[PDB]
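Take a look at this single chain, the form deposited in one PDB entry, given in structure tokens.
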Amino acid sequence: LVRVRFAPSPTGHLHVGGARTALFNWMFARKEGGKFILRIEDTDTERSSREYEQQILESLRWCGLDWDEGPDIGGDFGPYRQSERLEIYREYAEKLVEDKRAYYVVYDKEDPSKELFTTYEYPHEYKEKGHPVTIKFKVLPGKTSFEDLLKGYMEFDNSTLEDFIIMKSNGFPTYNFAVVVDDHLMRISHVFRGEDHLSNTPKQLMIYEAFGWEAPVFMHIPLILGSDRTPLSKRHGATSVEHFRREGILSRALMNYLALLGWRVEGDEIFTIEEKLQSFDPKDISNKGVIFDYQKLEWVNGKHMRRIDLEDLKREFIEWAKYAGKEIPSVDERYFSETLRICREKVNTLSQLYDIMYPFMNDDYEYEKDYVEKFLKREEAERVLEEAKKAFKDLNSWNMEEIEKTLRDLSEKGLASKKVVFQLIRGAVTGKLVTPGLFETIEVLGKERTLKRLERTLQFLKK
């Protein structure tokens, strides 16, 4: 039975690298008909919190990576938080001591750094007196090897590793011990994780061997890097899923990009995880690190925004806005769709879409600084707007030809240059100097809105 896991340490937000690691596990499980387990690795009490755990679960959900077992839904191999499994680690570390593969180390009490002696017999008298006591794993001579799905055959000389602690004096396991005990007990068949854990693998294999357990199949996924080839960090730019979500990157687009990284996909670069799920093959994954390109991500997002159904885009837009704390006012559905169809040709993120959609959705839009200073303040601004209002008002047919003629007549009759006429009207009805086609904009806004806004702009000018 195929069982994979995403085992995040909730010490912060879900990094896109983590999302990519989770994506490949999720795709392998759904394609193979297996299970995707979510294990929270929160033994670092100081840095982990339920707030971060929750933020991570929310981000995974938003990325469309639902799990079959976890801290919230449970399952038959829990608890799913390592902080809730301290007794399990204790019992299994004890099995190793009893089998002479691990031993207790007793330290001085006044000077905790001073080792007093080692023993296979639990030192009750020292424990009761407050002496620190740890458990160390006994490294056996020999070789430790495994065939990684992406990194190939790996070999390790045991002799180069000194006996190491698996249980700390505070009662908590070390990360490597907890991971092996949990991957084993949660019956994980495949461990797909970031390459930053490749070096921890020989040690983990030694523990599996000490218990007489069969180790799962391993695959270490190269990391997502910044342009200088170091792991993607804050200094490179955004790194959390939550950030891209807030900026308006569509989930399906972010996941498309994370899968696209380093993959010379055959066919369209624009795709959904869903359609690539059936032919998913772990070996298609690049064995080299991948560089995150913010510009390319935005380009991918733009492609999705224009390709999806207008109403699909509308839902994405509405939910994003609500999530961002600035939900869309209530408007006519046809009008909503029309303005969306026009505004989406020009933007690449839901946030950029929100900015240009605002004047279409609300009458209280603000006038840009440059519009007021560069155009509205000119001497001819008033008569241009008054004449525009007069001619538009007399229009009996609100089509683009008549709208175009109305603007043409304003400059040809000498009220101002063509540029000033166009910009004065554009800013008057949107408050912006850059917008989708001016005739399309006026047409969809309608006669009444156009008149109201020209009047509104005139009153504003009068200050």
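In this text, residue numbers run from 1 along the sequence as written. Throughout, rigid core stands for the largest set of C-alpha atoms superposing within 1.5 Å between the two forms.
This next part talks about the form deposited in another entry, which is not shown.
Answer among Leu65, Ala416, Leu38, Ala29 for the CA shift between the shown form and the other one that reaches 2 Å or more, rigid core superposed: Result of the comparison: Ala416.
Does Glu98 move appreciably between the shown form and the other one, meaning a CA displacement of 2 Å or more on the superposed rigid core? Yes; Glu98 is a residue whose C-alpha shifts (by 2 Å or more) between the shown form and the other one when the cores are overlaid.
Superposing on the rigid core, does the Cα of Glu298 end up 2 Å or more away between the shown form and the other one? The answer is no; the displacement is under 2 Å.
Once you line up the core, how about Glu51: does its CA shift reach 2 Å between the shown form and the other one? Shift at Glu51: below 2 Å after core fit.
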